[PDB]
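Reading through the structure tokens given below for one structure.
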Amino acid sequence: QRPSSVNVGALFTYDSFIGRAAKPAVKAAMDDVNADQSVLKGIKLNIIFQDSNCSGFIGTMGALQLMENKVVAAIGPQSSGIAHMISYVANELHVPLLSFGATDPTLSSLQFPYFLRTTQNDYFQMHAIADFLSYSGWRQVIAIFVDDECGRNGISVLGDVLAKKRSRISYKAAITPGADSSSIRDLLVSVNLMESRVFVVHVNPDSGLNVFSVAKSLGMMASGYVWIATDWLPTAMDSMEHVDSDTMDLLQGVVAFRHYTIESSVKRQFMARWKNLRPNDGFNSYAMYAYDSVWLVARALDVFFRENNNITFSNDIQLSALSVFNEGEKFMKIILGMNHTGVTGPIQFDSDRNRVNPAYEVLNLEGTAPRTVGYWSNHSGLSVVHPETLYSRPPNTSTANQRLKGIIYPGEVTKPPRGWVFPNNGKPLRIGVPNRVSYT
Amino acid sequence: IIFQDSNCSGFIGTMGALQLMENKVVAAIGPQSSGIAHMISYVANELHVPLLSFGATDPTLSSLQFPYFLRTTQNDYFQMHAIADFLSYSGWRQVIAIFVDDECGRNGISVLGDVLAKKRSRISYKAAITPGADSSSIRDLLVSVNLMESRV
Ligand SMILES: *[C@@H]1O[C@H](CO)[C@@H](O[C@@H]2O[C@H](CO)[C@@H](O)[C@H](O)[C@H]2NC(C)=O)[C@H](O)[C@H]1NC(C)=O
Ligand SMILES: N[C@@H](CCC(=O)N[C@@H](CS)C(=O)NCC(=O)O)C(=O)O
Ligand SMILES: N[C@@H](CCC(=O)N[C@@H](CS)C(=O)NCC(=O)O)C(=O)O
Ligand SMILES: *[C@@H]1O[C@H](CO)[C@@H](O)[C@H](O)[C@H]1NC(C)=O
Ligand SMILES: *[C@H]1O[C@H](CO)[C@@H](O)[C@H](O)[C@H]1NC(C)=O
Ligand SMILES: *[C@H]1O[C@H](CO)[C@@H](O)[C@H](O)[C@H]1NC(C)=O
């Protein structure tokens, strides 16, 4: 018996660069699944929203209010510290937790069986940097990361993938998540006086751009300082409606990465649909995953109701009166076997719960235009062609295949600057001079 | 002393500690599972109730992002030096870690990844069992760890 309406969850912080694009995109796909009668099936899929102020407390307390409400799924957290704890209350209520902005390389494991990840695993950027570094041959990197659950799990991977190529991370500098403009200066001064100039930065996007506004005004970004940035930096730009060309002057040589997505007419009509909406045009490509995840619910919601006649619940100071979701691991099992093609190309999940084709569009920032100096893929790694071409090929592992365009490093140089710089710390260079008696 | 427990799963402990916070308290003798101790140190940070652990030993808890988590046991950061002093005392220099995949395992060994770099050693292969460990997952692991490059 197909009911009147089904309720899914939505945990995403409204007051950030991801959520202000996510909230129309979830509202957009909700309007299309109630317009598409092939997936409607007499059911009005309304989506209960539940914001959070990016804190671990009221994220869970809002989601416990979602679990007191009846749900069948929950469009997951993107904060990735909420996504640990909610994937303990979704590991005991058997509710599938489909994240769109997780990017945490420990959530795809067997201790979290109900945490499916629609975005690409952050485990692959730390390969794509560890393919980018041994491409240029720098081999000694000093990392900078916010000390959240996303940093300490992220740069622990890059410590390990660089160990296979005999590279290493020298000094895991770590900003505190509540950071003013003083704790950034106390740290970025203390890493100028060290042995490397290849900075990986992996910071949350809202306070992420305030790292470079300290690095410019400290004299760091100059000749001989390679800045590599992960996905937050294009999300810090593309969430702004137009690049204001002062922040672009801060970013002169920083080799950022970005989630590559193959184009189609479905994504093309969505971009014109996005121009029809205008939430100040903060199109930052996480809304492209947030528009995907509602379809990935709804198409899996469609297939599950051709088998099951009806969803089923139960009943279990403030007591534990939360309604558990009976018969959920069957509904979780059909979502892993999905072969849907959303707006971001094909969707498939292998045994490691990753999405099947991770591809990163490298980009350089040298002028006022971000030009894409290559494409990283899981398949080949560092092409210059669009990485959908090589997917039918055999995996070609050649040194002539790992190839990139002209890269402009900071200081307006274009030869790859040497990483090592001798430190100015309390140790002096102990030159050992012999004490000659003959032939002085 | 109001006694509440978890059953070593993180779900009912945070519900049960929220019952302690639904109750009025002036302190809280902290958890020791340290998957609990991350979440309860986000409910202590919004209720200003001091959380004092005795069995935390998770070397990412002693940070200023958690202003209300004082640790009365020895910080596990000071144990991973003692292995990294014992290894360079024997001169073994290459070590295959085995850790449960809790927060005491990843943050525990990522410290040993860091401290062995300062003495120019390294960890070969961070093998990682799941939290609910069968006696078949350990055989599936430790067969594939005999076939590697280190014995320490
Ligand atoms: C990313 O690429 C690697 C390399 O091919 C994939 O690893 C392979 O996975 C299949 C089954 O998943 C195994 O049979 C192969 O032996 C693996 N190859 C290697 C070299 O390990 C990996 O699965 C890819 N990721 C995704 C999400 O598809
Ligand atoms: N928590 C963020 C909002 C959401 C967010 O961006 N979370 C991080 C945690 S991992 C993220 O998704 N980062 C993507 C990345 O840098 O790879 C904030 O401080 O506003
Ligand atoms: N969580 C444990 C019981 C409590 C416990 O022992 N927690 C661990 C994880 S922090 C601990 O105290 N470890 C101390 C140590 O290994 O140094 C269990 O499996 O039931
Ligand atoms: C998914 O679909 C593609 C073509 O649409 C097919 O080649 C592939 O085998 C399918 N995978 C499945 C059914 O697991
Ligand atoms: C967090 O930010 C929100 C939105 O700006 C605002 O309500 C307030 O400053 C904070 N909320 C609380 C009380 O945590
Ligand atoms: C402990 O008992 C609980 C009931 O509170 C039940 O989940 C199980 O038998 C035990 N749980 C664990 C994981 O120890």
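To be explicit about the labels: the chains of the structure tokens are called A, B, and onward in the order shown, and within each one the residues are counted from 1, while ligands get numbers from 1 in the order they are shown.
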### Query
Once you count only C-alpha atoms, which residues of chain B turn out to be within 9 Å of chain A? Could you give them as number ranges by chain?
B: 9-12, 15, 18-19, 22-23, 35, 38-40, 42-46, 60, 63-65, 101, 106-107, 110, 113-114, 117-118, 122-126, 130-132
Output file for the residues above (N, CA, C and O atoms, as a short mmCIF file (atom, residue, chain, number, x, y, z; two decimals), in the first residue's frame):
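What landed in part_29.cif:
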```
data_model
loop_
_atom_site.label_atom_id
_atom_site.label_comp_id
_atom_site.auth_asym_id
_atom_site.auth_seq_id
_atom_site.Cartn_x
_atom_site.Cartn_y
_atom_site.Cartn_z
N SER B 9 28.71 0.76 23.27
CA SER B 9 28.31 1.34 22.00
C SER B 9 28.00 2.81 22.22
O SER B 9 27.44 3.19 23.25
N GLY B 10 28.38 3.64 21.25
CA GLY B 10 28.31 5.07 21.45
C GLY B 10 26.92 5.65 21.48
O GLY B 10 26.77 6.83 21.82
N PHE B 11 25.90 4.86 21.16
CA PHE B 11 24.56 5.42 21.03
C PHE B 11 23.94 5.72 22.39
O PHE B 11 23.61 6.87 22.70
N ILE B 12 23.78 4.69 23.22
CA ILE B 12 23.05 4.86 24.47
C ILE B 12 23.85 5.61 25.53
O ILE B 12 23.27 6.06 26.52
N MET B 15 22.95 9.29 24.79
CA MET B 15 21.60 9.43 25.33
C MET B 15 21.63 9.43 26.85
O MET B 15 20.93 10.22 27.49
N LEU B 18 23.10 12.59 28.17
CA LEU B 18 22.12 13.66 28.04
C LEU B 18 21.09 13.57 29.15
O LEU B 18 20.51 14.59 29.55
N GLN B 19 20.85 12.37 29.68
CA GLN B 19 20.05 12.23 30.89
C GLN B 19 20.77 12.81 32.09
O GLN B 19 20.14 13.40 32.98
N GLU B 22 20.20 16.38 31.40
CA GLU B 22 18.83 16.70 31.79
C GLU B 22 18.74 16.83 33.31
O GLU B 22 18.04 17.70 33.82
N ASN B 23 19.46 15.97 34.02
CA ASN B 23 19.73 16.17 35.43
C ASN B 23 20.64 17.39 35.61
O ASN B 23 21.31 17.84 34.68
N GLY B 35 35.09 7.17 21.99
CA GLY B 35 34.24 7.49 20.87
C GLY B 35 33.08 8.23 21.47
O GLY B 35 32.43 9.06 20.83
N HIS B 38 34.38 12.11 22.40
CA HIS B 38 34.27 13.21 21.45
C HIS B 38 32.90 13.85 21.53
O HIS B 38 32.79 15.08 21.59
N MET B 39 31.84 13.04 21.53
CA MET B 39 30.49 13.60 21.48
C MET B 39 30.11 14.29 22.78
O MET B 39 29.50 15.37 22.76
N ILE B 40 30.49 13.71 23.92
CA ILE B 40 30.14 14.33 25.19
C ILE B 40 30.97 15.58 25.42
O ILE B 40 30.53 16.50 26.11
N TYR B 42 31.24 17.62 23.06
CA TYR B 42 30.48 18.65 22.36
C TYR B 42 29.18 19.00 23.06
O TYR B 42 28.58 20.02 22.72
N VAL B 43 28.72 18.17 24.00
CA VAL B 43 27.59 18.59 24.83
C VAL B 43 28.08 19.29 26.09
O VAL B 43 27.32 20.05 26.70
N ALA B 44 29.33 19.07 26.48
CA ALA B 44 29.90 19.84 27.58
C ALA B 44 30.27 21.23 27.14
O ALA B 44 30.26 22.16 27.94
N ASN B 45 30.59 21.40 25.86
CA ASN B 45 30.98 22.70 25.33
C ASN B 45 29.78 23.62 25.12
O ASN B 45 29.97 24.83 24.96
N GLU B 46 28.57 23.09 25.12
CA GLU B 46 27.38 23.91 25.03
C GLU B 46 26.60 23.98 26.34
O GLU B 46 25.58 24.67 26.39
N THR B 60 43.97 13.51 20.79
CA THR B 60 43.39 14.68 20.16
C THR B 60 42.36 15.36 21.03
O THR B 60 41.80 16.38 20.62
N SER B 63 43.02 19.44 23.37
CA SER B 63 43.16 20.56 22.46
C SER B 63 42.18 21.64 22.86
O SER B 63 41.16 21.38 23.49
N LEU B 64 42.49 22.86 22.45
CA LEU B 64 41.70 24.01 22.86
C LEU B 64 40.38 24.12 22.13
O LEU B 64 39.59 25.02 22.44
N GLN B 65 40.11 23.24 21.17
CA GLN B 65 38.77 23.13 20.62
C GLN B 65 37.79 22.52 21.60
O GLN B 65 36.58 22.71 21.44
N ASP B 101 39.95 0.21 15.10
CA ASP B 101 39.63 1.42 14.36
C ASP B 101 38.62 2.28 15.11
O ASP B 101 37.62 2.74 14.57
N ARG B 106 43.10 5.30 15.51
CA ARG B 106 43.58 6.16 14.44
C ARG B 106 44.41 7.31 15.01
O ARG B 106 45.52 7.56 14.55
N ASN B 107 43.89 7.99 16.03
CA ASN B 107 44.61 9.10 16.61
C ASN B 107 45.76 8.61 17.47
O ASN B 107 46.70 9.36 17.75
N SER B 110 48.49 7.60 14.54
CA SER B 110 48.91 8.77 13.78
C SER B 110 49.89 9.63 14.57
O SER B 110 50.66 10.40 13.98
N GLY B 113 53.00 7.64 13.95
CA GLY B 113 53.48 8.00 12.63
C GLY B 113 54.29 9.27 12.66
O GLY B 113 55.28 9.41 11.95
N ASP B 114 53.91 10.20 13.54
CA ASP B 114 54.56 11.50 13.59
C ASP B 114 55.89 11.42 14.33
O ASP B 114 56.89 11.98 13.88
N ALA B 117 58.83 9.81 12.66
CA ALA B 117 59.43 10.58 11.58
C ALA B 117 60.57 11.45 12.10
O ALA B 117 61.51 11.75 11.36
N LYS B 118 60.51 11.84 13.37
CA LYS B 118 61.52 12.73 13.91
C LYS B 118 62.82 11.99 14.18
O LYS B 118 63.88 12.60 14.29
N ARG B 122 59.79 4.88 10.41
CA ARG B 122 58.50 4.99 9.75
C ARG B 122 57.65 3.80 10.13
O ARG B 122 58.15 2.77 10.58
N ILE B 123 56.35 3.96 9.94
CA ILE B 123 55.43 2.84 10.02
C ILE B 123 55.23 2.27 8.63
O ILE B 123 54.96 3.02 7.68
N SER B 124 55.39 0.96 8.48
CA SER B 124 55.15 0.37 7.17
C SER B 124 53.68 0.36 6.82
O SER B 124 53.26 1.06 5.89
N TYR B 125 52.87 -0.38 7.56
CA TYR B 125 51.53 -0.70 7.11
C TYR B 125 50.59 -0.60 8.29
O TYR B 125 50.56 -1.49 9.15
N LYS B 126 49.80 0.46 8.34
CA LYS B 126 48.84 0.62 9.42
C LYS B 126 47.68 -0.35 9.24
O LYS B 126 46.64 0.05 8.72
N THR B 130 38.47 -3.93 12.50
CA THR B 130 37.23 -3.22 12.78
C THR B 130 36.94 -3.29 14.27
O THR B 130 37.56 -4.08 14.98
N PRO B 131 36.04 -2.43 14.80
CA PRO B 131 35.73 -2.51 16.24
C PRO B 131 35.08 -3.80 16.68
O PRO B 131 35.53 -4.42 17.65
N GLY B 132 34.04 -4.25 15.99
CA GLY B 132 33.48 -5.53 16.34
C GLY B 132 34.26 -6.62 15.62
O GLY B 132 34.00 -6.93 14.46
#
```
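For ligand 6, the protein and nucleic acid residues at most 8 Å away, judged by only C-alpha atoms and all ligand atoms, amount to residues 6, 7, 8 and 9 of chain B.
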### Filtered DSSP result for range 2-149 of chain B, state strand (DSSP E or B), as a PyMOL selection string
chain B and resi 28-29+51-53+69-71+94-95+98-100+122-123+127-129
Once you have the residues from the selection above, write them out as a PDB file, in the first residue's frame, restricted to N, CA and C atoms.
```
ATOM      1  N   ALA B  28      31.298  15.828  35.850  1.00  0.00           N
ATOM      2  CA  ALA B  28      30.966  14.537  35.261  1.00  0.00           C
ATOM      3  C   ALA B  28      32.247  13.736  35.145  1.00  0.00           C
ATOM      4  N   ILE B  29      32.304  12.591  35.816  1.00  0.00           N
ATOM      5  CA  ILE B  29      33.422  11.678  35.634  1.00  0.00           C
ATOM      6  C   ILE B  29      33.332  11.079  34.239  1.00  0.00           C
ATOM      7  N   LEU B  51      33.962  17.995  32.140  1.00  0.00           N
ATOM      8  CA  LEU B  51      34.014  16.566  31.888  1.00  0.00           C
ATOM      9  C   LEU B  51      35.417  16.096  32.220  1.00  0.00           C
ATOM     10  N   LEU B  52      35.534  15.208  33.194  1.00  0.00           N
ATOM     11  CA  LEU B  52      36.831  14.789  33.719  1.00  0.00           C
ATOM     12  C   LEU B  52      36.986  13.297  33.480  1.00  0.00           C
ATOM     13  N   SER B  53      37.787  12.939  32.492  1.00  0.00           N
ATOM     14  CA  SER B  53      37.920  11.537  32.161  1.00  0.00           C
ATOM     15  C   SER B  53      39.010  10.886  32.988  1.00  0.00           C
ATOM     16  N   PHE B  69      37.374  19.723  28.834  1.00  0.00           N
ATOM     17  CA  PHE B  69      37.717  18.312  28.940  1.00  0.00           C
ATOM     18  C   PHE B  69      39.088  18.206  29.585  1.00  0.00           C
ATOM     19  N   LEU B  70      39.109  18.065  30.898  1.00  0.00           N
ATOM     20  CA  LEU B  70      40.350  17.877  31.621  1.00  0.00           C
ATOM     21  C   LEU B  70      40.563  16.394  31.859  1.00  0.00           C
ATOM     22  N   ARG B  71      41.775  15.936  31.601  1.00  0.00           N
ATOM     23  CA  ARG B  71      42.089  14.519  31.592  1.00  0.00           C
ATOM     24  C   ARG B  71      42.913  14.161  32.816  1.00  0.00           C
ATOM     25  N   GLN B  94      61.490   0.263  11.734  1.00  0.00           N
ATOM     26  CA  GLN B  94      60.436  -0.033  10.774  1.00  0.00           C
ATOM     27  C   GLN B  94      59.448  -0.980  11.433  1.00  0.00           C
ATOM     28  N   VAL B  95      58.196  -0.554  11.533  1.00  0.00           N
ATOM     29  CA  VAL B  95      57.235  -1.062  12.500  1.00  0.00           C
ATOM     30  C   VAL B  95      55.874  -1.198  11.843  1.00  0.00           C
ATOM     31  N   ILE B  98      49.248  -2.300  14.536  1.00  0.00           N
ATOM     32  CA  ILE B  98      47.956  -2.973  14.529  1.00  0.00           C
ATOM     33  C   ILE B  98      47.102  -2.241  15.546  1.00  0.00           C
ATOM     34  N   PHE B  99      45.970  -1.720  15.124  1.00  0.00           N
ATOM     35  CA  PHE B  99      45.152  -0.916  16.011  1.00  0.00           C
ATOM     36  C   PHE B  99      43.686  -1.146  15.714  1.00  0.00           C
ATOM     37  N   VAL B 100      42.850  -1.075  16.747  1.00  0.00           N
ATOM     38  CA  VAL B 100      41.416  -1.107  16.518  1.00  0.00           C
ATOM     39  C   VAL B 100      41.019   0.213  15.882  1.00  0.00           C
ATOM     40  N   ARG B 122      59.794   4.883  10.408  1.00  0.00           N
ATOM     41  CA  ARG B 122      58.501   4.991   9.752  1.00  0.00           C
ATOM     42  C   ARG B 122      57.646   3.801  10.134  1.00  0.00           C
ATOM     43  N   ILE B 123      56.349   3.956   9.943  1.00  0.00           N
ATOM     44  CA  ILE B 123      55.427   2.836  10.023  1.00  0.00           C
ATOM     45  C   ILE B 123      55.232   2.270   8.627  1.00  0.00           C
ATOM     46  N   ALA B 127      47.857  -1.608   9.629  1.00  0.00           N
ATOM     47  CA  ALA B 127      46.754  -2.557   9.584  1.00  0.00           C
ATOM     48  C   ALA B 127      45.698  -2.147  10.591  1.00  0.00           C
ATOM     49  N   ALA B 128      44.437  -2.384  10.274  1.00  0.00           N
ATOM     50  CA  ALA B 128      43.370  -1.849  11.101  1.00  0.00           C
ATOM     51  C   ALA B 128      42.204  -2.812  11.160  1.00  0.00           C
ATOM     52  N   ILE B 129      42.007  -3.420  12.308  1.00  0.00           N
ATOM     53  CA  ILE B 129      40.856  -4.274  12.511  1.00  0.00           C
ATOM     54  C   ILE B 129      39.644  -3.389  12.759  1.00  0.00           C
TER      55      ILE B 129
END
```
### Query
What residues have any atom no more than 9 Å from ligand 1 when counting only C-alpha atoms and all ligand atoms, and can you list them as a ChimeraX atom specification?
/A:120-121,124,348-358,377-380,395
Give me a file of those residues, with N, CA, C and O atoms, as a PDB file, in the first residue's frame.
```pdb
ATOM      1  N   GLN A 120      32.441  12.459  -3.718  1.00  0.00           N
ATOM      2  CA  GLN A 120      33.619  11.640  -3.902  1.00  0.00           C
ATOM      3  C   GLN A 120      34.404  11.587  -2.611  1.00  0.00           C
ATOM      4  O   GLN A 120      34.408  12.533  -1.822  1.00  0.00           O
ATOM      5  N   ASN A 121      35.043  10.446  -2.392  1.00  0.00           N
ATOM      6  CA  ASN A 121      35.783  10.201  -1.168  1.00  0.00           C
ATOM      7  C   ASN A 121      37.007  11.096  -1.128  1.00  0.00           C
ATOM      8  O   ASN A 121      37.736  11.207  -2.112  1.00  0.00           O
ATOM      9  N   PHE A 124      40.735  10.189  -2.218  1.00  0.00           N
ATOM     10  CA  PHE A 124      41.316  10.245  -3.549  1.00  0.00           C
ATOM     11  C   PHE A 124      42.058  11.538  -3.830  1.00  0.00           C
ATOM     12  O   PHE A 124      42.978  11.525  -4.652  1.00  0.00           O
ATOM     13  N   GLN A 348      27.855   4.531  -9.118  1.00  0.00           N
ATOM     14  CA  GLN A 348      27.979   3.130  -8.768  1.00  0.00           C
ATOM     15  C   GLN A 348      28.871   3.045  -7.542  1.00  0.00           C
ATOM     16  O   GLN A 348      29.791   3.846  -7.377  1.00  0.00           O
ATOM     17  N   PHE A 349      28.578   2.094  -6.667  1.00  0.00           N
ATOM     18  CA  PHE A 349      29.332   1.932  -5.437  1.00  0.00           C
ATOM     19  C   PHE A 349      29.945   0.546  -5.432  1.00  0.00           C
ATOM     20  O   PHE A 349      29.223  -0.451  -5.505  1.00  0.00           O
ATOM     21  N   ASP A 350      31.269   0.479  -5.338  1.00  0.00           N
ATOM     22  CA  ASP A 350      31.929  -0.815  -5.224  1.00  0.00           C
ATOM     23  C   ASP A 350      31.926  -1.307  -3.783  1.00  0.00           C
ATOM     24  O   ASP A 350      31.149  -0.822  -2.956  1.00  0.00           O
ATOM     25  N   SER A 351      32.773  -2.290  -3.480  1.00  0.00           N
ATOM     26  CA  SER A 351      32.795  -2.871  -2.146  1.00  0.00           C
ATOM     27  C   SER A 351      33.336  -1.915  -1.091  1.00  0.00           C
ATOM     28  O   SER A 351      33.037  -2.089   0.094  1.00  0.00           O
ATOM     29  N   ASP A 352      34.112  -0.911  -1.483  1.00  0.00           N
ATOM     30  CA  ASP A 352      34.657   0.050  -0.537  1.00  0.00           C
ATOM     31  C   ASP A 352      33.751   1.250  -0.317  1.00  0.00           C
ATOM     32  O   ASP A 352      34.190   2.224   0.298  1.00  0.00           O
ATOM     33  N   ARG A 353      32.524   1.217  -0.846  1.00  0.00           N
ATOM     34  CA  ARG A 353      31.496   2.255  -0.707  1.00  0.00           C
ATOM     35  C   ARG A 353      31.920   3.611  -1.265  1.00  0.00           C
ATOM     36  O   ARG A 353      31.300   4.626  -0.956  1.00  0.00           O
ATOM     37  N   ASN A 354      32.958   3.656  -2.092  1.00  0.00           N
ATOM     38  CA  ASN A 354      33.297   4.873  -2.801  1.00  0.00           C
ATOM     39  C   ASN A 354      32.337   5.067  -3.965  1.00  0.00           C
ATOM     40  O   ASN A 354      31.593   4.161  -4.340  1.00  0.00           O
ATOM     41  N   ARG A 355      32.364   6.245  -4.564  1.00  0.00           N
ATOM     42  CA  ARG A 355      31.705   6.378  -5.849  1.00  0.00           C
ATOM     43  C   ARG A 355      32.717   5.996  -6.924  1.00  0.00           C
ATOM     44  O   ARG A 355      33.921   6.188  -6.751  1.00  0.00           O
ATOM     45  N   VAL A 356      32.218   5.442  -8.035  1.00  0.00           N
ATOM     46  CA  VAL A 356      33.020   4.515  -8.833  1.00  0.00           C
ATOM     47  C   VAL A 356      34.106   5.239  -9.628  1.00  0.00           C
ATOM     48  O   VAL A 356      35.199   4.699  -9.832  1.00  0.00           O
ATOM     49  N   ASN A 357      33.864   6.480 -10.045  1.00  0.00           N
ATOM     50  CA  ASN A 357      34.795   7.187 -10.921  1.00  0.00           C
ATOM     51  C   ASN A 357      35.166   8.533 -10.324  1.00  0.00           C
ATOM     52  O   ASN A 357      34.549   9.557 -10.647  1.00  0.00           O
ATOM     53  N   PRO A 358      36.170   8.578  -9.454  1.00  0.00           N
ATOM     54  CA  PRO A 358      36.613   9.865  -8.913  1.00  0.00           C
ATOM     55  C   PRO A 358      37.571  10.549  -9.876  1.00  0.00           C
ATOM     56  O   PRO A 358      38.521   9.940 -10.370  1.00  0.00           O
ATOM     57  N   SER A 377      42.508  11.468 -12.681  1.00  0.00           N
ATOM     58  CA  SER A 377      41.476  10.445 -12.612  1.00  0.00           C
ATOM     59  C   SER A 377      41.953   9.313 -11.721  1.00  0.00           C
ATOM     60  O   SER A 377      43.138   9.212 -11.404  1.00  0.00           O
ATOM     61  N   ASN A 378      41.021   8.459 -11.294  1.00  0.00           N
ATOM     62  CA  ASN A 378      41.449   7.214 -10.668  1.00  0.00           C
ATOM     63  C   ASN A 378      42.093   6.294 -11.689  1.00  0.00           C
ATOM     64  O   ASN A 378      43.007   5.533 -11.354  1.00  0.00           O
ATOM     65  N   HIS A 379      41.643   6.369 -12.941  1.00  0.00           N
ATOM     66  CA  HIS A 379      41.998   5.360 -13.929  1.00  0.00           C
ATOM     67  C   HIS A 379      43.444   5.508 -14.379  1.00  0.00           C
ATOM     68  O   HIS A 379      44.273   4.622 -14.151  1.00  0.00           O
ATOM     69  N   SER A 380      43.770   6.635 -14.997  1.00  0.00           N
ATOM     70  CA  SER A 380      45.114   6.870 -15.497  1.00  0.00           C
ATOM     71  C   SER A 380      45.939   7.734 -14.560  1.00  0.00           C
ATOM     72  O   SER A 380      47.053   7.361 -14.190  1.00  0.00           O
ATOM     73  N   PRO A 395      44.340   0.496 -18.482  1.00  0.00           N
ATOM     74  CA  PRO A 395      45.034   1.467 -17.630  1.00  0.00           C
ATOM     75  C   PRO A 395      46.483   1.650 -18.043  1.00  0.00           C
ATOM     76  O   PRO A 395      47.326   0.796 -17.759  1.00  0.00           O
TER      77      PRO A 395
END
```
Could the residues of chain A that have an atom at most 7 Å from ligand 2 be listed as a tab-separated table, each with its closest atom pair and the distance in Å to one decimal, counting only C-alpha atoms and all ligand atoms and ordered by chain and ascending residue number?
```
residue	atom	partner	partner_atom_place_in_ligand_line	distance
A:13	CA	ligand 2	3 (C)	6.6
A:16	CA	ligand 2	20 (O)	5.1
A:18	CA	ligand 2	4 (C)	6.4
A:54	CA	ligand 2	1 (N)	5.5
A:78	CA	ligand 2	12 (O)	5.1
A:79	CA	ligand 2	7 (N)	3.9
A:80	CA	ligand 2	9 (C)	5.0
A:101	CA	ligand 2	12 (O)	5.1
A:102	CA	ligand 2	12 (O)	5.6
A:103	CA	ligand 2	10 (S)	5.4
A:104	CA	ligand 2	10 (S)	5.9
A:122	CA	ligand 2	17 (O)	6.2
A:150	CA	ligand 2	10 (S)	4.2
A:202	CA	ligand 2	16 (O)	5.6
A:203	CA	ligand 2	16 (O)	5.7
A:204	CA	ligand 2	6 (O)	4.9
A:205	CA	ligand 2	6 (O)	5.6
A:206	CA	ligand 2	20 (O)	5.2
A:207	CA	ligand 2	19 (O)	7.0
A:230	CA	ligand 2	16 (O)	6.3
A:231	CA	ligand 2	17 (O)	5.3
A:232	CA	ligand 2	16 (O)	4.7
```
